Amino acid sequence: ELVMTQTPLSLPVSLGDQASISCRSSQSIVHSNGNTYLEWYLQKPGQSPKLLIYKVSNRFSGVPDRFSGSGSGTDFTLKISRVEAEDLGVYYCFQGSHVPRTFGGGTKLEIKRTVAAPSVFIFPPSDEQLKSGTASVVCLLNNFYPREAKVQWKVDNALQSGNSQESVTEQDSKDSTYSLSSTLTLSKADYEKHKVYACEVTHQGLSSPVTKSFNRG
Amino acid sequence: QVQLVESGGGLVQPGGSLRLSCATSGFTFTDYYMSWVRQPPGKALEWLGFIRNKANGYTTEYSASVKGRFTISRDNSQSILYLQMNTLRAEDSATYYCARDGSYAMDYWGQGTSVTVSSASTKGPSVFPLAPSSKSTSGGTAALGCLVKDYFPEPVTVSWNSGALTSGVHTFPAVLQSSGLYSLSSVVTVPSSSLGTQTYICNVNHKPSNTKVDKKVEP
């Protein structure tokens, strides 16, 4: 029956600031003994979840005091103050009073910083891959912020659609920036048929869109 | 000194079975409720169930999504926790974690174990170099890398110059292509004036298919 609503799903915030996450339950969860079993966990990329807060406001063993939880009955809150790189990850509230126990939907906390332009690069397919009848052209967008960025591929000036995929790294631990790779996949025959391959980047860190290219020649 | 180590995960055909284990140490095992939680790639944590402690006869509880299919059990003499998974579906693919239910919560967690359910066979990856084309802008730093294409299942690991090269390295998350195989690229920055004089090698390791390739990225 019980439902755990955690918001916001995503939450940007800059260094030193305060982040607050909410968690509501469709139904009260306090025990007769006065104990409220509402917890807060942090899961950093590639790691297992780690306990932060237990029984609404108790702070676990290796947790800096910047973190603190509060709340009553059906409304609970987690407040982080003076954020910093480390704090990056996904936070979850969890109700352990009722069975089945349940996790909130999660909150991805990201570090917001000063706009940075990406350094752009393009890579032609290796002769080695062409033998297989496939040509992958790669465009790399390095160290930029915000995450938002658009990448268009142009082959002999003609815009491409439906044959590229993008992949984004996690916010760098040091500088808080992202990196992105866009791969355009064509058949060998199609690649040999054209000459100019260009990667055009649009980002709120570039006055006018940057373009990198090469000639199959 | 509280530790939990899981094992047992891997690739399994659909409708198949698998038993996950979590060997614990550093605390009185029988005193605690123990839980299993899972996380599908890119999604939220999901509670699967718990098994009670000695004072409660080690009875079990389950989430609605696995009740009837997954069975939790424990070997108290060896202090091992188990998760028997039957009639496996594709949506059961995820990283599974066991947790000790201490500190009035889930205070110590396993390192997690990956489970992939699917009929697709173990396939090694093709490794191609990513090198700057004949046109190398008159800048300063030159990027280079490796394309690790069409492999299954995850995951792949990549390093440069036997770990020697680490700064400015970015190994992207793998994406599932139009077909069903995965692929990812790893890249690294370096000085434009260095591409030729020095040798850059990307070490691709893919345990699921015993592949270990070292691709020399030549200009």
# chains A, B, ... in the order shown; residues from 1 in each chain; ligands from 1
call {"tool": "select_by_dssp", "arguments": {"residues": "region 10-136 of chain B", "states": "strand (DSSP E)", "output": "JSON, numbers by chain"}}
result
{"B": [11, 12, 18, 19, 20, 21, 22, 23, 24, 25, 34, 35, 36, 37, 38, 39, 46, 47, 48, 49, 50, 51, 60, 61, 62, 70, 71, 72, 73, 74, 75, 80, 81, 82, 83, 84, 85, 94, 95, 96, 97, 98, 99, 100, 108, 109, 113, 114, 115, 116, 117, 126, 127, 128, 129, 130]}
call {"tool": "write_last_selection", "arguments": {"atoms": "C-alpha atoms", "output": "compact mmCIF listing (two decimals), in the first residue's frame"}}
result
# COMPACT_ATOMS: atom_id res chain seq x y z
CA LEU B 11 25.22 -14.10 -17.39
CA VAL B 12 22.29 -16.54 -17.36
CA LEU B 18 21.23 -18.46 -10.12
CA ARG B 19 22.18 -18.30 -6.45
CA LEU B 20 23.85 -15.21 -5.05
CA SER B 21 25.89 -15.42 -1.88
CA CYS B 22 27.16 -12.85 0.64
CA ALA B 23 29.83 -14.08 3.07
CA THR B 24 30.00 -11.91 6.19
CA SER B 25 32.41 -11.37 9.03
CA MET B 34 19.86 -9.17 6.41
CA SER B 35 18.56 -7.62 3.14
CA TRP B 36 18.92 -7.76 -0.64
CA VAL B 37 18.57 -4.66 -2.76
CA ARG B 38 19.10 -4.32 -6.53
CA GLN B 39 19.84 -1.61 -9.00
CA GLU B 46 14.94 -1.42 -5.30
CA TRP B 47 14.36 -3.31 -2.06
CA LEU B 48 13.91 -7.06 -2.71
CA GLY B 49 13.41 -8.41 0.80
CA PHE B 50 14.92 -9.41 4.14
CA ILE B 51 15.37 -12.42 6.33
CA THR B 60 11.45 -13.89 5.28
CA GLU B 61 9.67 -10.99 3.56
CA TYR B 62 9.61 -9.94 -0.09
CA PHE B 70 13.32 -15.25 -5.41
CA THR B 71 14.05 -17.05 -2.16
CA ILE B 72 16.24 -15.59 0.59
CA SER B 73 18.06 -17.89 3.01
CA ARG B 74 21.01 -17.97 5.40
CA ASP B 75 23.62 -20.49 6.55
CA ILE B 80 26.53 -16.64 4.74
CA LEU B 81 23.45 -14.94 3.27
CA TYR B 82 21.86 -16.27 0.03
CA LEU B 83 19.46 -15.11 -2.68
CA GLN B 84 18.12 -17.89 -4.89
CA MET B 85 16.75 -16.42 -8.10
CA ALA B 94 21.01 -5.37 -12.38
CA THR B 95 23.70 -5.06 -9.69
CA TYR B 96 22.57 -6.92 -6.55
CA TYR B 97 23.69 -5.75 -3.09
CA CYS B 98 23.29 -7.49 0.30
CA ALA B 99 23.16 -5.30 3.45
CA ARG B 100 23.30 -5.99 7.18
CA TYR B 108 27.05 -2.09 5.97
CA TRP B 109 26.64 -3.10 2.32
CA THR B 113 27.48 -8.38 -7.96
CA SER B 114 26.27 -8.02 -11.52
CA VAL B 115 23.56 -10.23 -13.01
CA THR B 116 22.78 -10.24 -16.76
CA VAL B 117 19.86 -12.29 -18.03
CA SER B 126 36.90 -5.47 -31.64
CA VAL B 127 39.40 -2.75 -30.75
CA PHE B 128 40.14 0.15 -33.11
CA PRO B 129 42.45 3.10 -32.63
CA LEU B 130 41.16 6.64 -32.68
call {"tool": "closest_atom_pairs", "arguments": {"of": "chain B", "to": "chain A", "cutoff": "6 Å", "atoms": "only C-alpha atoms", "output": "tab-separated table"}}
result
residue	atom	partner	partner_atom	distance
B:63	CA	A:100	CA	5.6
B:107	CA	A:51	CA	5.5
B:111	CA	A:48	CA	5.9
B:130	CA	A:123	CA	5.8
B:131	CA	A:123	CA	5.9
B:132	CA	A:123	CA	5.6
B:172	CA	A:169	CA	5.5
call {"tool": "residues_around", "arguments": {"residues": "residue 156 (chain B)", "least_positions_apart": "3", "cutoff": "12 Å", "atoms": "only C-alpha atoms", "output": "JSON, numbers by chain"}}
result
{"B": [123, 124, 125, 126, 127, 147, 148, 149, 150, 151, 152, 153, 159, 171, 172, 173, 174, 175, 182, 183, 184, 185, 186, 203, 204, 205, 206, 207, 208, 209, 210, 211, 212, 213]}
call {"tool": "atom_distance", "arguments": {"atom1": "CA of residue 1 (chain B)", "atom2": "CA of residue 103 (chain B)"}}
result
14.8 Å
call {"tool": "closest_residue", "arguments": {"among": "B:138, B:87, B:121, B:13", "to": "residue 67 (chain B)", "atoms": "only C-alpha atoms"}}
result
B:87
call {"tool": "residues_around", "arguments": {"residues": "residue 140 (chain B)", "least_positions_apart": "2", "cutoff": "7 Å", "atoms": "only C-alpha atoms", "output": "CSV table (one decimal) with N, CA and C atoms, in the first residue's frame"}}
result
chain,number,residue,atom,x,y,z
B,138,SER,N,46.3,23.6,-35.7
B,138,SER,CA,47.5,24.2,-35.1
B,138,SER,C,47.2,24.7,-33.7
B,142,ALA,N,46.7,17.2,-28.4
B,142,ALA,CA,46.0,16.3,-29.4
B,142,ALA,C,45.4,15.1,-28.7
B,191,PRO,N,50.2,16.2,-25.7
B,191,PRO,CA,50.7,17.3,-26.4
B,191,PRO,C,50.8,17.0,-27.9
B,192,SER,N,50.4,18.0,-28.7
B,192,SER,CA,50.4,17.9,-30.2
B,192,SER,C,51.8,17.4,-30.6
call {"tool": "closest_residue", "arguments": {"among": "B:166, B:176, B:29, B:201", "to": "residue 189 (chain B)", "atoms": "only C-alpha atoms"}}
result
B:166
call {"tool": "residues_around", "arguments": {"residues": "region 66-68 of chain A", "least_positions_apart": "6", "cutoff": "10 Å", "atoms": "only C-alpha atoms", "output": "PyMOL selection string"}}
result
chain A and resi 18-20+40+52-53+56-59+77-83+87
call {"tool": "write_last_selection", "arguments": {"atoms": "N, CA, C and O atoms", "output": "short mmCIF file (atom, residue, chain, number, x, y, z; two decimals), in the first residue's frame"}}
result
data_model
loop_
_atom_site.label_atom_id
_atom_site.label_comp_id
_atom_site.auth_asym_id
_atom_site.auth_seq_id
_atom_site.Cartn_x
_atom_site.Cartn_y
_atom_site.Cartn_z
N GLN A 18 23.53 25.18 -0.09
CA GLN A 18 22.69 24.23 0.61
C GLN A 18 21.72 23.51 -0.33
O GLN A 18 21.05 24.13 -1.16
N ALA A 19 21.65 22.20 -0.17
CA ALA A 19 20.76 21.40 -0.98
C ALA A 19 19.77 20.79 0.00
O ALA A 19 20.14 20.45 1.12
N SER A 20 18.51 20.68 -0.40
CA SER A 20 17.55 20.07 0.49
C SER A 20 16.74 19.10 -0.34
O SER A 20 16.34 19.42 -1.45
N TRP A 40 18.41 7.83 5.23
CA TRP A 40 18.98 8.52 4.05
C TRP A 40 20.30 7.88 3.63
O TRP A 40 21.21 7.74 4.45
N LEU A 52 23.74 7.32 5.61
CA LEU A 52 24.07 8.67 6.05
C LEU A 52 23.40 9.04 7.37
O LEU A 52 24.06 9.44 8.33
N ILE A 53 22.07 8.92 7.35
CA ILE A 53 21.18 9.27 8.45
C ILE A 53 20.27 8.10 8.83
O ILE A 53 19.69 7.47 7.95
N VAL A 56 15.42 9.08 11.13
CA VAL A 56 15.17 10.48 10.80
C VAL A 56 16.30 11.51 10.93
O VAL A 56 16.52 12.27 10.01
N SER A 57 17.03 11.54 12.04
CA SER A 57 18.04 12.59 12.19
C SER A 57 19.35 12.18 12.80
O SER A 57 20.19 13.04 13.08
N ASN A 58 19.53 10.88 13.03
CA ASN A 58 20.77 10.40 13.59
C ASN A 58 21.77 10.28 12.46
O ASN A 58 21.47 9.75 11.39
N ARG A 59 22.98 10.75 12.73
CA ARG A 59 24.07 10.75 11.77
C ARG A 59 24.96 9.53 11.93
O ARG A 59 25.48 9.27 13.01
N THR A 77 13.01 15.54 5.63
CA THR A 77 13.95 16.32 4.84
C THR A 77 15.43 16.07 5.14
O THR A 77 15.83 15.82 6.29
N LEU A 78 16.24 16.15 4.10
CA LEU A 78 17.67 15.97 4.22
C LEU A 78 18.28 17.27 3.76
O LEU A 78 17.99 17.73 2.65
N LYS A 79 19.12 17.88 4.59
CA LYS A 79 19.76 19.14 4.22
C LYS A 79 21.27 19.02 4.27
O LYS A 79 21.84 18.61 5.27
N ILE A 80 21.90 19.39 3.16
CA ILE A 80 23.35 19.37 3.08
C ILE A 80 23.75 20.83 3.00
O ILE A 80 23.11 21.60 2.30
N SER A 81 24.79 21.21 3.73
CA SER A 81 25.24 22.59 3.72
C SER A 81 26.73 22.66 3.44
O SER A 81 27.51 21.87 3.97
N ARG A 82 27.13 23.62 2.60
CA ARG A 82 28.52 23.79 2.21
C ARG A 82 28.98 22.60 1.37
O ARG A 82 29.98 21.95 1.67
N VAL A 83 28.23 22.33 0.31
CA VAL A 83 28.50 21.24 -0.61
C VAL A 83 29.94 21.25 -1.14
O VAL A 83 30.64 22.26 -1.06
N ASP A 87 30.43 15.12 -2.18
CA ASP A 87 28.98 15.01 -2.04
C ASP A 87 28.21 14.61 -3.29
O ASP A 87 27.03 14.30 -3.21
#
call {"tool": "atom_distance", "arguments": {"atom1": "CA of residue 215 (chain B)", "atom2": "CA of residue 202 (chain B)"}}
result
5.3 Å
call {"tool": "select_by_dssp", "arguments": {"residues": "region 74-179 of chain A", "states": "helix (DSSP H, G or I)", "output": "list in words"}}
result
residues 85, 86, 87, 127, 128, 129 and 130 of chain A
call {"tool": "atom_distance", "arguments": {"atom1": "CA of residue 21 (chain A)", "atom2": "CA of residue 203 (chain A)"}}
result
29.7 Å
call {"tool": "closest_residue", "arguments": {"among": "A:139, A:113, A:98, A:76", "to": "residue 144 (chain B)", "atoms": "only C-alpha atoms"}}
result
A:139
call {"tool": "residues_around", "arguments": {"residues": "residue 171 (chain A)", "least_positions_apart": "2", "cutoff": "10 Å", "atoms": "only C-alpha atoms", "output": "ChimeraX atom specification"}}
result
/A:45,85,88-89,110-112,143-145,147,168-169,173-179
call {"tool": "residues_around", "arguments": {"residues": "residue 153 (chain A)", "least_positions_apart": "5", "cutoff": "6 Å", "atoms": "only C-alpha atoms", "output": "number ranges by chain"}}
result
A: 160, 198-199
call {"tool": "write_last_selection", "arguments": {"atoms": "N, CA, C and O atoms", "output": "PDB file, in the first residue's frame"}}
result
ATOM      1  N   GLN A 160      23.037  14.788 -40.942  1.00  0.00           N
ATOM      2  CA  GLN A 160      22.810  13.365 -40.714  1.00  0.00           C
ATOM      3  C   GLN A 160      21.798  13.176 -39.606  1.00  0.00           C
ATOM      4  O   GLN A 160      21.727  13.976 -38.685  1.00  0.00           O
ATOM      5  N   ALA A 198      32.150  16.165 -41.025  1.00  0.00           N
ATOM      6  CA  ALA A 198      32.321  17.218 -40.060  1.00  0.00           C
ATOM      7  C   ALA A 198      31.467  17.073 -38.842  1.00  0.00           C
ATOM      8  O   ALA A 198      30.325  16.620 -38.908  1.00  0.00           O
ATOM      9  N   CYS A 199      32.046  17.494 -37.727  1.00  0.00           N
ATOM     10  CA  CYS A 199      31.390  17.480 -36.435  1.00  0.00           C
ATOM     11  C   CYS A 199      31.112  18.941 -36.057  1.00  0.00           C
ATOM     12  O   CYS A 199      32.051  19.714 -35.910  1.00  0.00           O
TER      13      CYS A 199
END
